file protein_10.pdb (PDB, C-alpha atoms (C1' of nucleotides))
ATOM      1  CA  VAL A   8       0.426 -64.875   7.132  1.00  0.00           C
ATOM      2  CA  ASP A   9       2.070 -63.173  10.105  1.00  0.00           C
ATOM      3  CA  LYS A  10       2.810 -60.223   7.808  1.00  0.00           C
ATOM      4  CA  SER A  11      -0.282 -60.510   5.595  1.00  0.00           C
ATOM      5  CA  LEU A  12      -2.548 -60.029   8.614  1.00  0.00           C
ATOM      6  CA  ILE A  13      -0.661 -56.878   9.612  1.00  0.00           C
ATOM      7  CA  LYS A  14      -0.542 -55.482   6.072  1.00  0.00           C
ATOM      8  CA  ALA A  15      -4.301 -55.996   5.714  1.00  0.00           C
ATOM      9  CA  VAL A  16      -4.778 -53.181   8.249  1.00  0.00           C
ATOM     10  CA  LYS A  17      -1.593 -51.246   7.477  1.00  0.00           C
ATOM     11  CA  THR A  18      -2.700 -50.780   3.847  1.00  0.00           C
ATOM     12  CA  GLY A  19      -6.403 -51.568   3.968  1.00  0.00           C
ATOM     13  CA  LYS A  20      -9.758 -50.277   5.141  1.00  0.00           C
ATOM     14  CA  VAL A  21     -11.243 -51.956   8.220  1.00  0.00           C
ATOM     15  CA  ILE A  22     -13.777 -51.002  10.886  1.00  0.00           C
ATOM     16  CA  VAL A  23     -13.268 -52.389  14.389  1.00  0.00           C
ATOM     17  CA  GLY A  24     -16.068 -52.966  16.862  1.00  0.00           C
ATOM     18  CA  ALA A  25     -19.164 -55.143  16.766  1.00  0.00           C
ATOM     19  CA  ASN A  26     -21.519 -52.216  16.133  1.00  0.00           C
ATOM     20  CA  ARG A  27     -19.695 -50.914  13.060  1.00  0.00           C
ATOM     21  CA  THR A  28     -18.995 -54.461  11.854  1.00  0.00           C
ATOM     22  CA  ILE A  29     -22.698 -55.347  12.044  1.00  0.00           C
ATOM     23  CA  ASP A  30     -23.522 -52.107  10.234  1.00  0.00           C
ATOM     24  CA  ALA A  31     -21.014 -52.959   7.496  1.00  0.00           C
ATOM     25  CA  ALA A  32     -22.459 -56.461   7.146  1.00  0.00           C
ATOM     26  CA  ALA A  33     -25.996 -55.048   6.991  1.00  0.00           C
ATOM     27  CA  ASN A  34     -25.174 -52.459   4.320  1.00  0.00           C
ATOM     28  CA  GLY A  35     -22.875 -54.749   2.318  1.00  0.00           C
ATOM     29  CA  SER A  36     -19.869 -52.405   2.194  1.00  0.00           C
ATOM     30  CA  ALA A  37     -17.754 -54.955   4.096  1.00  0.00           C
ATOM     31  CA  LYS A  38     -16.085 -57.641   1.996  1.00  0.00           C
ATOM     32  CA  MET A  39     -16.132 -59.907   5.065  1.00  0.00           C
ATOM     33  CA  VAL A  40     -16.204 -59.928   8.864  1.00  0.00           C
ATOM     34  CA  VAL A  41     -13.445 -61.375  11.057  1.00  0.00           C
ATOM     35  CA  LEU A  42     -14.733 -62.658  14.404  1.00  0.00           C
ATOM     36  CA  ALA A  43     -12.757 -63.864  17.405  1.00  0.00           C
ATOM     37  CA  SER A  44     -13.148 -67.154  19.269  1.00  0.00           C
ATOM     38  CA  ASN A  45     -15.317 -65.468  21.935  1.00  0.00           C
ATOM     39  CA  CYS A  46     -17.904 -63.661  19.820  1.00  0.00           C
ATOM     40  CA  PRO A  47     -21.508 -64.881  20.248  1.00  0.00           C
ATOM     41  CA  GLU A  48     -23.695 -66.164  17.407  1.00  0.00           C
ATOM     42  CA  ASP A  49     -27.240 -65.092  18.377  1.00  0.00           C
ATOM     43  CA  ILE A  50     -27.031 -62.133  16.008  1.00  0.00           C
ATOM     44  CA  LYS A  51     -24.070 -63.538  14.066  1.00  0.00           C
ATOM     45  CA  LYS A  52     -25.882 -66.479  12.478  1.00  0.00           C
ATOM     46  CA  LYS A  53     -27.836 -63.979  10.378  1.00  0.00           C
ATOM     47  CA  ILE A  54     -24.640 -62.500   8.943  1.00  0.00           C
ATOM     48  CA  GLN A  55     -23.355 -66.050   8.481  1.00  0.00           C
ATOM     49  CA  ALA A  56     -26.429 -66.822   6.365  1.00  0.00           C
ATOM     50  CA  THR A  57     -25.963 -63.539   4.492  1.00  0.00           C
ATOM     51  CA  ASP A  58     -23.423 -63.461   1.651  1.00  0.00           C
ATOM     52  CA  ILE A  59     -20.944 -61.656   3.938  1.00  0.00           C
ATOM     53  CA  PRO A  60     -18.172 -64.184   4.671  1.00  0.00           C
ATOM     54  CA  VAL A  61     -17.353 -64.836   8.315  1.00  0.00           C
ATOM     55  CA  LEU A  62     -13.727 -65.606   9.141  1.00  0.00           C
ATOM     56  CA  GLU A  63     -12.876 -67.196  12.484  1.00  0.00           C
ATOM     57  CA  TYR A  64      -9.768 -65.933  14.256  1.00  0.00           C
ATOM     58  CA  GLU A  65      -7.492 -68.337  16.107  1.00  0.00           C
ATOM     59  CA  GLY A  66      -7.509 -66.271  19.316  1.00  0.00           C
ATOM     60  CA  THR A  67      -9.673 -64.281  21.688  1.00  0.00           C
ATOM     61  CA  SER A  68     -10.897 -60.728  21.158  1.00  0.00           C
ATOM     62  CA  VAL A  69      -8.340 -59.520  23.724  1.00  0.00           C
ATOM     63  CA  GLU A  70      -5.430 -60.723  21.590  1.00  0.00           C
ATOM     64  CA  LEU A  71      -7.052 -59.928  18.240  1.00  0.00           C
ATOM     65  CA  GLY A  72      -6.425 -56.244  18.944  1.00  0.00           C
ATOM     66  CA  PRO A  73      -2.643 -56.334  19.413  1.00  0.00           C
ATOM     67  CA  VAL A  74      -2.160 -58.230  16.136  1.00  0.00           C
ATOM     68  CA  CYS A  75      -4.202 -55.549  14.340  1.00  0.00           C
ATOM     69  CA  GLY A  76      -2.507 -52.627  16.081  1.00  0.00           C
ATOM     70  CA  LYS A  77      -5.373 -51.719  18.412  1.00  0.00           C
ATOM     71  CA  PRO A  78      -4.532 -51.452  22.136  1.00  0.00           C
ATOM     72  CA  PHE A  79      -8.096 -52.583  22.923  1.00  0.00           C
ATOM     73  CA  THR A  80     -10.001 -55.792  22.270  1.00  0.00           C
ATOM     74  CA  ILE A  81     -11.727 -56.486  18.958  1.00  0.00           C
ATOM     75  CA  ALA A  82     -14.526 -59.020  18.476  1.00  0.00           C
ATOM     76  CA  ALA A  83     -15.883 -58.105  15.021  1.00  0.00           C
ATOM     77  CA  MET A  84     -13.497 -56.630  12.449  1.00  0.00           C
ATOM     78  CA  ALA A  85     -15.428 -56.174   9.199  1.00  0.00           C
ATOM     79  CA  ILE A  86     -13.122 -55.082   6.377  1.00  0.00           C
ATOM     80  CA  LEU A  87     -14.113 -52.495   3.759  1.00  0.00           C
ATOM     81  CA  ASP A  88     -11.089 -52.311   1.429  1.00  0.00           C
ATOM     82  CA  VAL A  89      -8.677 -55.230   1.191  1.00  0.00           C
ATOM     83  CA  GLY A  90      -6.073 -52.851  -0.204  1.00  0.00           C
ATOM     84  CA  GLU A  91      -2.531 -54.141  -0.701  1.00  0.00           C
ATOM     85  CA  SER A  92      -3.621 -57.591   0.433  1.00  0.00           C
ATOM     86  CA  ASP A  93      -5.820 -60.596  -0.343  1.00  0.00           C
ATOM     87  CA  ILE A  94      -7.247 -61.252   3.114  1.00  0.00           C
ATOM     88  CA  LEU A  95     -10.526 -62.094   1.371  1.00  0.00           C
ATOM     89  CA  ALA A  96      -8.669 -64.829  -0.513  1.00  0.00           C
ATOM     90  CA  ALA A  97      -7.185 -66.005   2.787  1.00  0.00           C
ATOM     91  CA  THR A  98     -10.678 -66.222   4.291  1.00  0.00           C
ATOM     92  CA  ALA A  99     -12.267 -67.954   1.291  1.00  0.00           C
TER      93      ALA A  99
ATOM     94  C1'   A B   1     -34.200  -4.833  55.826  1.00  0.00           C
ATOM     95  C1'   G B   2     -39.448  -3.358  56.677  1.00  0.00           C
ATOM     96  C1'   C B   3     -43.630  -3.670  60.009  1.00  0.00           C
ATOM     97  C1'   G B   4     -46.199  -4.407  65.234  1.00  0.00           C
ATOM     98  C1'   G B   5     -45.585  -4.943  70.506  1.00  0.00           C
ATOM     99  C1'   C B   6     -42.623  -5.337  75.177  1.00  0.00           C
ATOM    100  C1'   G B   7     -38.078  -4.050  77.872  1.00  0.00           C
ATOM    101  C1'   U B   8     -34.292  -0.344  78.844  1.00  0.00           C
ATOM    102  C1'   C B   9     -33.649   4.931  79.016  1.00  0.00           C
ATOM    103  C1'   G B  10     -27.685   8.035  84.609  1.00  0.00           C
ATOM    104  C1'   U B  11     -25.695   8.311  78.693  1.00  0.00           C
ATOM    105  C1'   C B  12     -26.562   5.303  74.205  1.00  0.00           C
ATOM    106  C1'   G B  13     -29.874   2.888  70.869  1.00  0.00           C
ATOM    107  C1'   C B  14     -29.925  -1.218  71.421  1.00  0.00           C
ATOM    108  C1'   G B  15     -32.113  -6.245  73.341  1.00  0.00           C
ATOM    109  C1'   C B  16     -36.276  -9.669  73.197  1.00  0.00           C
ATOM    110  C1'   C B  17     -40.972 -11.523  71.001  1.00  0.00           C
ATOM    111  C1'   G B  18     -43.995 -11.876  66.687  1.00  0.00           C
ATOM    112  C1'   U B  19     -44.035 -10.851  61.708  1.00  0.00           C
ATOM    113  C1'   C B  20     -48.143 -17.397  60.589  1.00  0.00           C
ATOM    114  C1'   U B  21     -50.649 -21.484  56.943  1.00  0.00           C
ATOM    115  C1'   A B  22     -51.859 -28.753  57.463  1.00  0.00           C
ATOM    116  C1'   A B  23     -53.336 -32.888  54.736  1.00  0.00           C
ATOM    117  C1'   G B  24     -55.396 -33.653  50.040  1.00  0.00           C
ATOM    118  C1'   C B  25     -55.296 -32.125  44.869  1.00  0.00           C
ATOM    119  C1'   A B  26     -52.401 -30.331  40.382  1.00  0.00           C
ATOM    120  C1'   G B  27     -47.408 -29.262  38.118  1.00  0.00           C
ATOM    121  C1'   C B  28     -41.849 -29.922  37.428  1.00  0.00           C
ATOM    122  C1'   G B  29     -38.088 -33.799  38.349  1.00  0.00           C
ATOM    123  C1'   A B  30     -31.599 -35.016  40.639  1.00  0.00           C
ATOM    124  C1'   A B  31     -29.055 -39.609  40.530  1.00  0.00           C
ATOM    125  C1'   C B  32     -29.349 -44.527  38.690  1.00  0.00           C
ATOM    126  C1'   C B  33     -31.113 -47.437  34.696  1.00  0.00           C
ATOM    127  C1'   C B  34     -32.715 -48.016  29.658  1.00  0.00           C
ATOM    128  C1'   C B  35     -33.283 -46.686  24.204  1.00  0.00           C
ATOM    129  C1'   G B  36     -31.405 -44.063  19.281  1.00  0.00           C
ATOM    130  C1'   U B  37     -27.033 -41.866  17.169  1.00  0.00           C
ATOM    131  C1'   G B  38     -21.690 -41.347  17.483  1.00  0.00           C
ATOM    132  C1'   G B  39     -17.061 -43.595  16.452  1.00  0.00           C
ATOM    133  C1'   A B  40     -12.418 -42.614  20.817  1.00  0.00           C
ATOM    134  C1'   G B  41      -5.737 -44.717  21.422  1.00  0.00           C
ATOM    135  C1'   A B  42       2.396 -43.378  20.105  1.00  0.00           C
ATOM    136  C1'   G B  43      -4.909 -42.842  24.416  1.00  0.00           C
ATOM    137  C1'   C B  44      -9.267 -40.318  25.890  1.00  0.00           C
ATOM    138  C1'   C B  45     -13.400 -39.515  29.571  1.00  0.00           C
ATOM    139  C1'   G B  46     -14.603 -39.369  34.784  1.00  0.00           C
ATOM    140  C1'   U B  47     -14.978 -39.466  40.402  1.00  0.00           C
ATOM    141  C1'   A B  48     -14.507 -37.593  47.022  1.00  0.00           C
ATOM    142  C1'   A B  49     -12.644 -42.361  45.984  1.00  0.00           C
ATOM    143  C1'   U B  50     -12.845 -46.988  43.385  1.00  0.00           C
ATOM    144  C1'   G B  51     -13.108 -46.385  37.898  1.00  0.00           C
ATOM    145  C1'   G B  52     -15.136 -46.550  32.266  1.00  0.00           C
ATOM    146  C1'   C B  53     -14.074 -47.714  27.054  1.00  0.00           C
ATOM    147  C1'   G B  54     -14.415 -51.057  19.550  1.00  0.00           C
ATOM    148  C1'   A B  55     -17.795 -56.896  23.956  1.00  0.00           C
ATOM    149  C1'   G B  56     -18.524 -49.306  21.721  1.00  0.00           C
ATOM    150  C1'   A B  57     -15.722 -43.680  25.539  1.00  0.00           C
ATOM    151  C1'   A B  58     -16.861 -38.502  25.101  1.00  0.00           C
ATOM    152  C1'   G B  59     -20.586 -35.586  22.808  1.00  0.00           C
ATOM    153  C1'   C B  60     -25.726 -35.231  21.164  1.00  0.00           C
ATOM    154  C1'   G B  61     -31.483 -36.471  21.521  1.00  0.00           C
ATOM    155  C1'   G B  62     -35.412 -39.437  24.060  1.00  0.00           C
ATOM    156  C1'   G B  63     -37.796 -42.399  27.920  1.00  0.00           C
ATOM    157  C1'   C B  64     -38.376 -43.808  33.088  1.00  0.00           C
ATOM    158  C1'   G B  65     -37.845 -41.573  37.645  1.00  0.00           C
ATOM    159  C1'   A B  66     -37.100 -38.622  44.329  1.00  0.00           C
ATOM    160  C1'   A B  67     -37.150 -36.072  48.524  1.00  0.00           C
ATOM    161  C1'   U B  68     -38.518 -31.567  48.339  1.00  0.00           C
ATOM    162  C1'   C B  69     -40.249 -27.013  46.006  1.00  0.00           C
ATOM    163  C1'   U B  70     -44.406 -24.045  43.416  1.00  0.00           C
ATOM    164  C1'   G B  71     -49.638 -23.105  43.165  1.00  0.00           C
ATOM    165  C1'   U B  72     -54.303 -24.369  45.153  1.00  0.00           C
ATOM    166  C1'   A B  73     -56.478 -26.034  49.534  1.00  0.00           C
ATOM    167  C1'   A B  74     -58.185 -19.319  51.887  1.00  0.00           C
ATOM    168  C1'   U B  75     -61.406 -15.979  53.917  1.00  0.00           C
ATOM    169  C1'   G B  76     -58.621 -20.527  59.435  1.00  0.00           C
ATOM    170  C1'   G B  77     -56.099 -18.953  64.022  1.00  0.00           C
ATOM    171  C1'   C B  78     -53.409 -13.606  65.560  1.00  0.00           C
ATOM    172  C1'   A B  79     -54.022  -7.685  70.511  1.00  0.00           C
ATOM    173  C1'   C B  80     -59.819  -7.571  62.733  1.00  0.00           C
TER     174        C B  80
END
call {"tool": "encode", "arguments": {"input": "protein_10.pdb", "output": "structure tokens"}}
result
Amino acid sequence: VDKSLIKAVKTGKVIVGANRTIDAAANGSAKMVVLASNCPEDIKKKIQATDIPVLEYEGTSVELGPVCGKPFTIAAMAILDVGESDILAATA
RNA sequence: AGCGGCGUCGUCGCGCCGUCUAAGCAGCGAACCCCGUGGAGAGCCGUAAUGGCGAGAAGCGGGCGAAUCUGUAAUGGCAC
């Protein structure tokens, strides 16, 4: 998993940031959304109800970035193309 | 700089004063803040400075929003 999570971004389409993740969930192009332990649910329960799967990450948005190669923090990380990976299978 | 007085004037052409205009009414609105887009990292954008940023930067549109300024208030006062 330690390498599958990296390869999901190394050889896969993802969009980082809550705004773009919510847009991807709204328009359906995202296979799923990965959310950190600190992300609220006031807007997120709607995308939970929607057919877009919601994966929960084991750590905060601060440390979700370094494991996905981003120097910044990531809260919502909707994926577009799984690519050379089965992160969707890992989620559900 | 122009204009109108006063002063000086042994030589010079300088020195001084004035050359005005309220509130109200109407118009614009800097910063901050907010809204819509945007997607920025072997990093970018700022400030006098501290800083800001995928929990969404820059850039681009909109809204809100000052002092003051502009007109009007004009046929007032001034050696009209």
call {"tool": "closest_residue", "arguments": {"input": "protein_10.pdb", "among": "B:76, B:63, B:39, B:54", "to": "chain A", "atoms": "all atoms listed in the file"}}
result
B:54
call {"tool": "closest_atom_pairs", "arguments": {"input": "protein_10.pdb", "of": "chain A", "to": "chain B", "cutoff": "12 Å", "atoms": "all atoms listed in the file", "output": "JSON lines"}}
result
{"residue": "A:21", "atom": "CA", "partner": "B:54", "partner_atom": "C1'", "distance": 11.8}
{"residue": "A:22", "atom": "CA", "partner": "B:54", "partner_atom": "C1'", "distance": 8.7}
{"residue": "A:23", "atom": "CA", "partner": "B:54", "partner_atom": "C1'", "distance": 5.5}
{"residue": "A:24", "atom": "CA", "partner": "B:54", "partner_atom": "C1'", "distance": 3.7}
{"residue": "A:25", "atom": "CA", "partner": "B:54", "partner_atom": "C1'", "distance": 6.9}
{"residue": "A:26", "atom": "CA", "partner": "B:56", "partner_atom": "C1'", "distance": 7.0}
{"residue": "A:27", "atom": "CA", "partner": "B:54", "partner_atom": "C1'", "distance": 8.4}
{"residue": "A:28", "atom": "CA", "partner": "B:54", "partner_atom": "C1'", "distance": 9.6}
{"residue": "A:29", "atom": "CA", "partner": "B:54", "partner_atom": "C1'", "distance": 12.0}
{"residue": "A:42", "atom": "CA", "partner": "B:55", "partner_atom": "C1'", "distance": 11.6}
{"residue": "A:43", "atom": "CA", "partner": "B:55", "partner_atom": "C1'", "distance": 10.8}
{"residue": "A:45", "atom": "CA", "partner": "B:55", "partner_atom": "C1'", "distance": 9.1}
{"residue": "A:46", "atom": "CA", "partner": "B:55", "partner_atom": "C1'", "distance": 7.9}
{"residue": "A:47", "atom": "CA", "partner": "B:55", "partner_atom": "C1'", "distance": 9.6}
{"residue": "A:67", "atom": "CA", "partner": "B:55", "partner_atom": "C1'", "distance": 11.2}
{"residue": "A:68", "atom": "CA", "partner": "B:55", "partner_atom": "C1'", "distance": 8.4}
{"residue": "A:69", "atom": "CA", "partner": "B:55", "partner_atom": "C1'", "distance": 9.8}
{"residue": "A:71", "atom": "CA", "partner": "B:54", "partner_atom": "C1'", "distance": 11.6}
{"residue": "A:72", "atom": "CA", "partner": "B:54", "partner_atom": "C1'", "distance": 9.5}
{"residue": "A:76", "atom": "CA", "partner": "B:41", "partner_atom": "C1'", "distance": 10.1}
{"residue": "A:77", "atom": "CA", "partner": "B:41", "partner_atom": "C1'", "distance": 7.6}
{"residue": "A:78", "atom": "CA", "partner": "B:41", "partner_atom": "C1'", "distance": 6.9}
{"residue": "A:79", "atom": "CA", "partner": "B:54", "partner_atom": "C1'", "distance": 7.3}
{"residue": "A:80", "atom": "CA", "partner": "B:54", "partner_atom": "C1'", "distance": 7.0}
{"residue": "A:81", "atom": "CA", "partner": "B:54", "partner_atom": "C1'", "distance": 6.1}
{"residue": "A:82", "atom": "CA", "partner": "B:55", "partner_atom": "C1'", "distance": 6.7}
{"residue": "A:83", "atom": "CA", "partner": "B:54", "partner_atom": "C1'", "distance": 8.5}
{"residue": "A:84", "atom": "CA", "partner": "B:54", "partner_atom": "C1'", "distance": 9.1}
{"residue": "A:85", "atom": "CA", "partner": "B:54", "partner_atom": "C1'", "distance": 11.6}
call {"tool": "atom_distance", "arguments": {"input": "protein_10.pdb", "atom1": "atom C1' of residue 65 of chain B", "atom2": "atom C1' of residue 52 of chain B"}}
result
23.9 Å
call {"tool": "atom_distance", "arguments": {"input": "protein_10.pdb", "atom1": "atom CA of residue 98 of chain A", "atom2": "atom CA of residue 60 of chain A"}}
result
7.8 Å
call {"tool": "residues_around", "arguments": {"input": "protein_10.pdb", "residues": "segment 3-13 of chain B", "least_positions_apart": "6", "cutoff": "12 Å", "atoms": "only C-alpha atoms (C1' of nucleotides)", "output": "list in words"}}
result
residues 19, 78 and 79 of chain B
call {"tool": "write_last_selection", "arguments": {"input": "protein_10.pdb", "atoms": "C-alpha atoms (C1' of nucleotides)", "output": "PDB file, keeping the file's coordinate frame"}}
result
ATOM      1  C1'   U B  19     -44.035 -10.851  61.708  1.00  0.00           C
ATOM      2  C1'   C B  78     -53.409 -13.606  65.560  1.00  0.00           C
ATOM      3  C1'   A B  79     -54.022  -7.685  70.511  1.00  0.00           C
TER       4        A B  79
END
call {"tool": "resolve_selection", "arguments": {"input": "protein_10.pdb", "expression": "the PyMOL selection byres ((chain B and resi 70) around 9)", "output": "list in words"}}
result
residues 27, 28, 69 and 71 of chain B
call {"tool": "atom_distance", "arguments": {"input": "protein_10.pdb", "atom1": "atom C1' of residue 44 of chain B", "atom2": "atom CA of residue 39 of chain A"}}
result
29.4 Å
call {"tool": "resolve_selection", "arguments": {"input": "protein_10.pdb", "expression": "the PyMOL selection byres ((chain A and resi 10-18) around 7)", "output": "PyMOL selection string"}}
result
chain A and resi 8-9+19-21+74-75+89-92+94
call {"tool": "resolve_selection", "arguments": {"input": "protein_10.pdb", "expression": "the PyMOL selection byres ((chain B and resi 62) around 9)", "output": "list in words"}}
result
residues 35, 36, 61 and 63 of chain B
call {"tool": "axis_aligned_box", "arguments": {"input": "protein_10.pdb", "around": "segment 18-33 of chain A", "padding_each_side": "6 Å", "output": "JSON"}}
result
{"center_x": -14.3, "center_y": -53.4, "center_z": 10.4, "size_x": 35.3, "size_y": 18.2, "size_z": 25.0}
call {"tool": "residues_around", "arguments": {"input": "protein_10.pdb", "residues": "residue 35 of chain A", "least_positions_apart": "3", "cutoff": "10 Å", "atoms": "only C-alpha atoms (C1' of nucleotides)", "output": "list in words"}}
result
residues 29, 30, 31, 32, 38, 39, 57, 58, 59 and 87 of chain A
